[PDB]
There are 2 protein chains.
Amino acid sequence: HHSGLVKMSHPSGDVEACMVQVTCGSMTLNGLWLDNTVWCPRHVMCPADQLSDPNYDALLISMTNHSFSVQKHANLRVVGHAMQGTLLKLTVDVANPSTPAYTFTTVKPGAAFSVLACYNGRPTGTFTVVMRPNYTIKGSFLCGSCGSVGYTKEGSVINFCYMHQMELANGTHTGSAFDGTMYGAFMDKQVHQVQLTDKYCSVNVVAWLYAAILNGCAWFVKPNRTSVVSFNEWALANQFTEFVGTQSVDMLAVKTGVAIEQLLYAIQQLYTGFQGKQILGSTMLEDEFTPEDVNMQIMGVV
Amino acid sequence: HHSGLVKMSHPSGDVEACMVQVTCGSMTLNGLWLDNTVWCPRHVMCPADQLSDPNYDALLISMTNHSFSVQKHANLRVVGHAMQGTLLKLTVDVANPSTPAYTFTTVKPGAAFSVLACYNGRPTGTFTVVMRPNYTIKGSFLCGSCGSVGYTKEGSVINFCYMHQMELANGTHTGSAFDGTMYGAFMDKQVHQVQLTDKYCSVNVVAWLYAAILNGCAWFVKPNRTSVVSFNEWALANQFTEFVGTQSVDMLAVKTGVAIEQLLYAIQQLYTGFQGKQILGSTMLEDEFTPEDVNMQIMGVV
Ligand SMILES: *[C@@H](O)[C@H](C[C@@H]1CCNC1=O)NC(=O)[C@H](CC(C)C)NC(=O)OCC(C)(C)Sc1cccc(F)c1
Ligand SMILES: *[C@@H](O)[C@H](C[C@@H]1CCNC1=O)NC(=O)[C@H](CC(C)C)NC(=O)OCC(C)(C)Sc1cccc(F)c1
């Protein structure tokens with residue numbers, strides 16, 4: 001029996017109209033064109049021989065307005081340039097006529113956002129990822145994908161929350177919010193960097209367990225319960241994130257009739273082992289589906 | 001270590017411009033607007049009391065040109081109507097100015113296509129699915145999602161291959177190609193229908209095993225080999241599809257240096273059990289990634 005839950009991404013049509021190609025010499029990457037501002041990663045100014053330890057402040061001074069080439073596949077003239085954190089704020093004389101209503105937001109661990117993978121300013125694919133506790137994402141990025149944007153949608157408004165910058169040794173990816181800060185303690189330098197541990201997202205495992213109950217799979221549900229405070233103490237010693245309930249989780253509890261503390265106890269015993277049984281066709285706990293995903297995809301509640 | 005493989009969907013911007021709302025009385029659903037033709041499922045004409053066993057031929061005669069209301073969120077006047085198989089071919093006086101270069105194709109088991117989920121003619125989300133051997137898909141569809149389209153992209157040309165029609169008891173979904181034929185032996189009637197067995201896609205499991213080798217995971221690779229003919233005989237008695245090699249699979253074999261017959265032997269032993277080990281973080285064989293997905297996402301080869 002299929003759960004009805006898939007990795008669902010937002011429609012990308014609004015964001016594809018904001019994708020441009022930015023070249024600052026020998027390096028090309030993607031940029032976000034909103035109004036008269038083009039955002040792009042700041043290592044576009046970096047020559048290939050200084051990626052390991054670049055001085056962006058000196059490089060920015062070395063740049064002029066005619067040093068950035070912006071193209072849409074239309075060529076955009078740069079009338080101003082500035083750097084905020086690990087991002088470049090290039091000003092252009094033409095405002096994007098297809099600029100959507102948008103905000104800039106920071107995404108937190110356990111939350112899901114949609115990614116538009118682009119190369120040479122041309123959208124290539126879309127996928128959804130969950131920001132992991134170590135502030136990395138398990139995405140699909142290759143050379144030239146920097147500048148690809150991550151976004152969430154609340155109505156007609158697109159909340160941009162991620163710009164791809166680098167890939168780690170473990171194969172995961174990290175980037176920067178549109179305030180210039182890289183997620184976690186990461187730096188936009190081509191060096192090996194210490195990566196924090198990854199943890200199971202408790203609020204997403206609880207949602208995934210609720211989805212099984214909404215699909216008739218409730219063998220793991222027992223009348224025993226574990227409080228949030230006790231579970232969070234247990235989570236700290238078992239590579240699980242501390243659980244914080246939300247209204248979305250409460251809706252799932254109300255509809256199913258199963259308490260959160262019942263599932264918290266279940267996660268503790270399911271962590272020790274599924275014992276040859278399966279939940280939604282899996283033998284491991286899944287934290288890649290948010291409570292809002294289960295609310296939306298299965299019950300049509302947004 | 002993350003494999004670098006995610007469920008990747010095509011950009012949906014081109015298809016979102018072709019999505020319309022079709023209402024033929026008390027039922028509303030989605031339609032595909034290409035040139036002066038609007039395609040939509042034919043049970044839009046069905047009153048709610050006859051969904052179990054509808055006479056579409058009589059219903060079509062009962063309809064007029066003014067019986068179909070087509071709206072884009074612009075209202076489209078219907079200047080002609082026809083029925084092909086399980087699909088309606090409505091002619092409108094206005095051609096879609098954003099019609100992309102497109103073809104109509106039939107997707108085969110094991111192949112992957114992108115789906116644009118729509119409700120009331122408004123795109124809501126996108127996801128990618130693999131057509132299963134029983135000619136069903138493990139999608140995320142709800143009431144009103146009929147008319148959502150499935151498509152593949154070869155360059156700038158969009159090959160439409162799926163229109164959502166119904167959901168089965170197992171939670172999977174099936175639809176019709178744009179020639180009017182429902183995939184498999186399914187009928188667009190609100191009754192329980194016999195569903196064929198589902199099988200592991202051998203060509204996709206081979207691709208998934210190759211992706212592990214491309215990520216350093218090759219503990220399952222042994223010098224022993226199993227021929228395609230012998231594997232296909234084994235596949236017939238173990239719920240596996242018969243393997244047919246492709247050029248894409250050959251590229252993966254050439255790059256890795258591991259023969260297909262080596263992995264066919266591995267699948268036979270991995271089917272008996274992973275024996276406590278994991279491949280790409282999984283204890284079961286995965287057939288939801290095509291050889292082209294591994295070729296594109298990991299090696300950038302399209
Ligand atoms: C976009 O310009 C590009 C995107 C990556 C290419 C491979 N996969 C990607 O997503 N980003 C870069 O080339 C980065 C340039 C830096 C920010 C100046 N670097 C990058 O993605 O990774 C560099 C490292 C982190 C791989 S350097 C490294 C070396 C040895 C061991 C190790 F763990 C890290
Ligand atoms: C679009 O109109 C809508 C989409 C589905 C609603 C629920 N999930 C969907 O994807 N499709 C329908 O309502 C179909 C109308 C038919 C084609 C006239 N029916 C449908 O999706 O399923 C009807 C069945 C197959 C559930 S009837 C049934 C009853 C008992 C047991 C059983 F296995 C099947």
# chains A, B, ... in the order shown; residues from 1 in each chain; ligands from 1

$ interface_residues --of "chain A" --to "chain B" --cutoff "7 Å" --atoms "only C-alpha atoms" --output "ChimeraX atom specification"
/A:1-13,123-127,138-140,170-172,297

$ residues_around --residues "residue 28 (chain B)" --least-positions-apart "4" --cutoff "8 Å" --atoms "only C-alpha atoms" --output "VMD selection string"
chain B and resid 21 to 24 44 120 144

$ write_last_selection --atoms "C-alpha atoms" --output "compact mmCIF listing (two decimals), in the first residue's frame"
# COMPACT_ATOMS: atom_id res chain seq x y z
CA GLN B 21 -9.76 24.52 -15.62
CA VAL B 22 -12.51 22.51 -17.34
CA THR B 23 -16.06 22.26 -15.96
CA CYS B 24 -18.89 20.33 -17.64
CA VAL B 44 -15.88 15.59 -16.49
CA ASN B 120 -8.96 23.90 -10.36
CA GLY B 144 -9.71 17.30 -8.24

$ atom_distance --atom1 "CA of residue 163 (chain A)" --atom2 "CA of residue 175 (chain A)"
5.3 Å

$ closest_atom_pairs --of "chain B" --to "ligand 2" --cutoff "10 Å" --atoms "only C-alpha atoms and all ligand atoms" --output "JSON lines"
{"residue": "B:27", "atom": "CA", "partner": "ligand 2", "partner_atom_place_in_ligand_line": "2 (O)", "distance": 8.1}
{"residue": "B:28", "atom": "CA", "partner": "ligand 2", "partner_atom_place_in_ligand_line": "2 (O)", "distance": 8.0}
{"residue": "B:29", "atom": "CA", "partner": "ligand 2", "partner_atom_place_in_ligand_line": "2 (O)", "distance": 6.5}
{"residue": "B:30", "atom": "CA", "partner": "ligand 2", "partner_atom_place_in_ligand_line": "1 (C)", "distance": 9.0}
{"residue": "B:41", "atom": "CA", "partner": "ligand 2", "partner_atom_place_in_ligand_line": "2 (O)", "distance": 8.1}
{"residue": "B:42", "atom": "CA", "partner": "ligand 2", "partner_atom_place_in_ligand_line": "17 (C)", "distance": 8.8}
{"residue": "B:43", "atom": "CA", "partner": "ligand 2", "partner_atom_place_in_ligand_line": "18 (C)", "distance": 5.8}
{"residue": "B:44", "atom": "CA", "partner": "ligand 2", "partner_atom_place_in_ligand_line": "2 (O)", "distance": 7.6}
{"residue": "B:46", "atom": "CA", "partner": "ligand 2", "partner_atom_place_in_ligand_line": "18 (C)", "distance": 7.6}
{"residue": "B:47", "atom": "CA", "partner": "ligand 2", "partner_atom_place_in_ligand_line": "18 (C)", "distance": 9.6}
{"residue": "B:48", "atom": "CA", "partner": "ligand 2", "partner_atom_place_in_ligand_line": "18 (C)", "distance": 8.7}
{"residue": "B:50", "atom": "CA", "partner": "ligand 2", "partner_atom_place_in_ligand_line": "18 (C)", "distance": 8.2}
{"residue": "B:51", "atom": "CA", "partner": "ligand 2", "partner_atom_place_in_ligand_line": "18 (C)", "distance": 4.5}
{"residue": "B:52", "atom": "CA", "partner": "ligand 2", "partner_atom_place_in_ligand_line": "18 (C)", "distance": 6.3}
{"residue": "B:53", "atom": "CA", "partner": "ligand 2", "partner_atom_place_in_ligand_line": "18 (C)", "distance": 7.9}
{"residue": "B:54", "atom": "CA", "partner": "ligand 2", "partner_atom_place_in_ligand_line": "18 (C)", "distance": 7.8}
{"residue": "B:86", "atom": "CA", "partner": "ligand 2", "partner_atom_place_in_ligand_line": "17 (C)", "distance": 9.3}
{"residue": "B:119", "atom": "CA", "partner": "ligand 2", "partner_atom_place_in_ligand_line": "1 (C)", "distance": 9.6}
{"residue": "B:139", "atom": "CA", "partner": "ligand 2", "partner_atom_place_in_ligand_line": "10 (O)", "distance": 8.5}
{"residue": "B:140", "atom": "CA", "partner": "ligand 2", "partner_atom_place_in_ligand_line": "10 (O)", "distance": 7.5}
{"residue": "B:141", "atom": "CA", "partner": "ligand 2", "partner_atom_place_in_ligand_line": "10 (O)", "distance": 4.3}
{"residue": "B:142", "atom": "CA", "partner": "ligand 2", "partner_atom_place_in_ligand_line": "8 (N)", "distance": 4.1}
{"residue": "B:143", "atom": "CA", "partner": "ligand 2", "partner_atom_place_in_ligand_line": "6 (C)", "distance": 3.7}
{"residue": "B:144", "atom": "CA", "partner": "ligand 2", "partner_atom_place_in_ligand_line": "1 (C)", "distance": 4.8}
{"residue": "B:145", "atom": "CA", "partner": "ligand 2", "partner_atom_place_in_ligand_line": "1 (C)", "distance": 5.3}
{"residue": "B:146", "atom": "CA", "partner": "ligand 2", "partner_atom_place_in_ligand_line": "1 (C)", "distance": 3.8}
{"residue": "B:147", "atom": "CA", "partner": "ligand 2", "partner_atom_place_in_ligand_line": "1 (C)", "distance": 7.4}
{"residue": "B:148", "atom": "CA", "partner": "ligand 2", "partner_atom_place_in_ligand_line": "1 (C)", "distance": 9.1}
{"residue": "B:164", "atom": "CA", "partner": "ligand 2", "partner_atom_place_in_ligand_line": "10 (O)", "distance": 7.1}
{"residue": "B:165", "atom": "CA", "partner": "ligand 2", "partner_atom_place_in_ligand_line": "11 (N)", "distance": 5.3}
{"residue": "B:166", "atom": "CA", "partner": "ligand 2", "partner_atom_place_in_ligand_line": "21 (O)", "distance": 3.1}
{"residue": "B:167", "atom": "CA", "partner": "ligand 2", "partner_atom_place_in_ligand_line": "21 (O)", "distance": 3.9}
{"residue": "B:168", "atom": "CA", "partner": "ligand 2", "partner_atom_place_in_ligand_line": "25 (C)", "distance": 4.9}
{"residue": "B:169", "atom": "CA", "partner": "ligand 2", "partner_atom_place_in_ligand_line": "33 (F)", "distance": 3.9}
{"residue": "B:170", "atom": "CA", "partner": "ligand 2", "partner_atom_place_in_ligand_line": "33 (F)", "distance": 7.5}
{"residue": "B:171", "atom": "CA", "partner": "ligand 2", "partner_atom_place_in_ligand_line": "8 (N)", "distance": 8.2}
{"residue": "B:172", "atom": "CA", "partner": "ligand 2", "partner_atom_place_in_ligand_line": "10 (O)", "distance": 8.4}
{"residue": "B:173", "atom": "CA", "partner": "ligand 2", "partner_atom_place_in_ligand_line": "10 (O)", "distance": 6.3}
{"residue": "B:174", "atom": "CA", "partner": "ligand 2", "partner_atom_place_in_ligand_line": "10 (O)", "distance": 8.3}
{"residue": "B:175", "atom": "CA", "partner": "ligand 2", "partner_atom_place_in_ligand_line": "17 (C)", "distance": 8.9}
{"residue": "B:186", "atom": "CA", "partner": "ligand 2", "partner_atom_place_in_ligand_line": "25 (C)", "distance": 9.6}
{"residue": "B:187", "atom": "CA", "partner": "ligand 2", "partner_atom_place_in_ligand_line": "17 (C)", "distance": 7.4}
{"residue": "B:188", "atom": "CA", "partner": "ligand 2", "partner_atom_place_in_ligand_line": "17 (C)", "distance": 4.0}
{"residue": "B:189", "atom": "CA", "partner": "ligand 2", "partner_atom_place_in_ligand_line": "18 (C)", "distance": 4.3}
{"residue": "B:190", "atom": "CA", "partner": "ligand 2", "partner_atom_place_in_ligand_line": "27 (S)", "distance": 3.9}
{"residue": "B:191", "atom": "CA", "partner": "ligand 2", "partner_atom_place_in_ligand_line": "27 (S)", "distance": 4.0}
{"residue": "B:192", "atom": "CA", "partner": "ligand 2", "partner_atom_place_in_ligand_line": "34 (C)", "distance": 3.7}
{"residue": "B:193", "atom": "CA", "partner": "ligand 2", "partner_atom_place_in_ligand_line": "33 (F)", "distance": 6.2}
{"residue": "B:194", "atom": "CA", "partner": "ligand 2", "partner_atom_place_in_ligand_line": "33 (F)", "distance": 8.3}
{"residue": "B:195", "atom": "CA", "partner": "ligand 2", "partner_atom_place_in_ligand_line": "33 (F)", "distance": 9.2}

$ write_last_selection --atoms "C-alpha atoms" --output "short mmCIF file (atom, residue, chain, number, x, y, z; two decimals), in the first residue's frame"
data_model
loop_
_atom_site.label_atom_id
_atom_site.label_comp_id
_atom_site.auth_asym_id
_atom_site.auth_seq_id
_atom_site.Cartn_x
_atom_site.Cartn_y
_atom_site.Cartn_z
CA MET B 27 -17.61 18.47 -11.90
CA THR B 28 -14.43 20.49 -12.37
CA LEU B 29 -10.94 19.26 -13.25
CA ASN B 30 -7.77 20.30 -15.09
CA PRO B 41 -10.34 13.53 -18.87
CA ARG B 42 -13.73 12.48 -20.19
CA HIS B 43 -15.39 11.82 -16.82
CA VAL B 44 -15.88 15.59 -16.49
CA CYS B 46 -20.17 12.29 -15.80
CA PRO B 47 -22.78 13.19 -13.17
CA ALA B 48 -21.79 12.12 -9.68
CA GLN B 50 -23.03 7.48 -12.65
CA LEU B 51 -19.27 7.42 -12.00
CA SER B 52 -19.32 3.68 -11.25
CA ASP B 53 -20.52 2.68 -14.75
CA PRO B 54 -20.83 5.62 -17.15
CA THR B 86 -10.69 8.09 -22.20
CA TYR B 119 -6.25 21.68 -8.84
CA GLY B 139 2.16 9.50 -6.95
CA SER B 140 0.50 12.08 -4.70
CA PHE B 141 -2.98 12.83 -6.03
CA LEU B 142 -6.20 13.94 -4.36
CA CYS B 143 -9.76 14.82 -5.37
CA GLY B 144 -9.71 17.30 -8.24
CA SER B 145 -6.20 16.38 -9.40
CA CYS B 146 -7.55 14.66 -12.53
CA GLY B 147 -6.21 16.38 -15.62
CA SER B 148 -2.75 16.72 -14.09
CA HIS B 164 -4.22 11.47 -14.24
CA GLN B 165 -7.55 9.65 -14.13
CA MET B 166 -7.98 7.53 -11.01
CA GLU B 167 -6.52 6.17 -7.77
CA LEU B 168 -6.39 2.46 -6.93
CA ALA B 169 -7.10 0.67 -3.66
CA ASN B 170 -3.38 0.20 -2.95
CA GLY B 171 -2.91 3.98 -2.98
CA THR B 172 -1.18 4.01 -6.37
CA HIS B 173 -2.43 5.95 -9.39
CA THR B 174 -3.01 5.34 -13.08
CA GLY B 175 -3.98 7.48 -16.04
CA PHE B 186 -7.51 -0.12 -16.43
CA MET B 187 -10.83 1.58 -17.20
CA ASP B 188 -12.03 5.06 -16.18
CA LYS B 189 -14.90 3.73 -14.09
CA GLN B 190 -15.42 4.13 -10.33
CA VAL B 191 -15.20 0.41 -9.56
CA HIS B 192 -12.64 -1.90 -8.02
CA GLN B 193 -10.41 -3.24 -10.79
CA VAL B 194 -7.92 -6.10 -10.83
CA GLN B 195 -4.38 -4.73 -10.56
#

$ select_by_dssp --residues "region 57-137 of chain B" --states "strand (DSSP E or B)" --output "JSON, numbers by chain"
{"B": [69, 70, 71, 75, 76, 78, 79, 80, 81, 82, 83, 84, 87, 88, 89, 90, 91, 92, 102, 103, 104, 112, 113, 114, 115, 116, 117, 118, 119, 122, 123, 124, 125, 126, 127, 128, 129, 130, 137]}

$ closest_residue --among "A:65, A:55, A:197, A:290" --to "ligand 1" --atoms "only C-alpha atoms and all ligand atoms"
A:55

$ closest_residue --among "B:84, B:239, B:62, B:71" --to "residue 271 (chain B)" --atoms "only C-alpha atoms"
B:239

$ residues_around --residues "region 155-159 of chain B" --least-positions-apart "6" --cutoff "9 Å" --atoms "only C-alpha atoms" --output "PyMOL selection string"
chain B and resi 14-15+100-106

$ write_last_selection --atoms "N, CA, C and O atoms" --output "CSV table (one decimal), in the first residue's frame"
chain,number,residue,atom,x,y,z
B,14,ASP,N,7.0,25.7,-18.4
B,14,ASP,CA,6.4,25.6,-19.7
B,14,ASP,C,5.1,24.9,-19.7
B,14,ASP,O,4.2,25.3,-20.4
B,15,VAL,N,4.9,23.9,-18.8
B,15,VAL,CA,3.7,23.2,-18.7
B,15,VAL,C,2.6,24.0,-17.9
B,15,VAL,O,1.4,23.9,-18.2
B,100,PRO,N,4.4,25.3,-26.0
B,100,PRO,CA,5.8,24.9,-26.3
B,100,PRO,C,5.8,23.8,-27.4
B,100,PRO,O,4.8,23.2,-27.8
B,101,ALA,N,7.0,23.7,-28.0
B,101,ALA,CA,7.3,22.6,-28.9
B,101,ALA,C,7.0,21.3,-28.1
B,101,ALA,O,7.6,21.0,-27.1
B,102,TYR,N,6.2,20.4,-28.6
B,102,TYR,CA,5.7,19.3,-27.9
B,102,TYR,C,5.4,18.1,-28.8
B,102,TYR,O,5.1,18.3,-30.0
B,103,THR,N,5.5,16.9,-28.2
B,103,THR,CA,5.1,15.7,-28.9
B,103,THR,C,4.2,14.9,-27.9
B,103,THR,O,4.2,15.2,-26.7
B,104,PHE,N,3.5,13.9,-28.4
B,104,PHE,CA,2.8,12.9,-27.5
B,104,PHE,C,3.5,11.6,-27.6
B,104,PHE,O,3.7,11.0,-28.7
B,105,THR,N,3.8,11.0,-26.5
B,105,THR,CA,4.6,9.7,-26.4
B,105,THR,C,4.0,8.9,-25.3
B,105,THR,O,3.3,9.3,-24.4
B,106,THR,N,4.2,7.6,-25.4
B,106,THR,CA,3.8,6.6,-24.4
B,106,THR,C,5.0,6.2,-23.6
B,106,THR,O,6.1,5.8,-24.1

$ residues_around --residues "residue 176 (chain B)" --least-positions-apart "2" --cutoff "6 Å" --atoms "only C-alpha atoms" --output "list in words"
residues 162, 163, 181, 182 and 183 of chain B

$ residues_around --residues "residue 258 (chain B)" --least-positions-apart "4" --cutoff "9 Å" --atoms "only C-alpha atoms" --output "PyMOL selection string"
chain B and resi 210+213+221+252-254+262-263

$ write_last_selection --atoms "N, CA and C atoms" --output "PDB file, in the first residue's frame"
ATOM      1  N   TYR B 210      25.095   0.800  -9.736  1.00  0.00           N
ATOM      2  CA  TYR B 210      26.192   1.534 -10.357  1.00  0.00           C
ATOM      3  C   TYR B 210      26.443   2.858  -9.647  1.00  0.00           C
ATOM      4  N   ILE B 213      28.666   2.411  -6.713  1.00  0.00           N
ATOM      5  CA  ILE B 213      30.070   2.283  -7.097  1.00  0.00           C
ATOM      6  C   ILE B 213      30.658   3.649  -7.420  1.00  0.00           C
ATOM      7  N   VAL B 221      30.032  -5.893  -5.059  1.00  0.00           N
ATOM      8  CA  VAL B 221      30.610  -6.314  -6.331  1.00  0.00           C
ATOM      9  C   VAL B 221      31.549  -7.485  -6.082  1.00  0.00           C
ATOM     10  N   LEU B 252      27.491   3.586 -17.814  1.00  0.00           N
ATOM     11  CA  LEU B 252      27.792   3.363 -16.405  1.00  0.00           C
ATOM     12  C   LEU B 252      28.766   2.205 -16.226  1.00  0.00           C
ATOM     13  N   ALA B 253      28.587   1.132 -17.000  1.00  0.00           N
ATOM     14  CA  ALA B 253      29.515   0.007 -16.931  1.00  0.00           C
ATOM     15  C   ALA B 253      30.915   0.420 -17.365  1.00  0.00           C
ATOM     16  N   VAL B 254      31.016   1.213 -18.432  1.00  0.00           N
ATOM     17  CA  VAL B 254      32.320   1.632 -18.934  1.00  0.00           C
ATOM     18  C   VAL B 254      33.028   2.516 -17.913  1.00  0.00           C
ATOM     19  N   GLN B 262      27.946  -8.757 -13.622  1.00  0.00           N
ATOM     20  CA  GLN B 262      28.400  -8.761 -12.235  1.00  0.00           C
ATOM     21  C   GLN B 262      27.310  -8.249 -11.302  1.00  0.00           C
ATOM     22  N   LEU B 263      26.613  -7.184 -11.703  1.00  0.00           N
ATOM     23  CA  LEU B 263      25.557  -6.630 -10.862  1.00  0.00           C
ATOM     24  C   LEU B 263      24.301  -7.491 -10.888  1.00  0.00           C
TER      25      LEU B 263
END
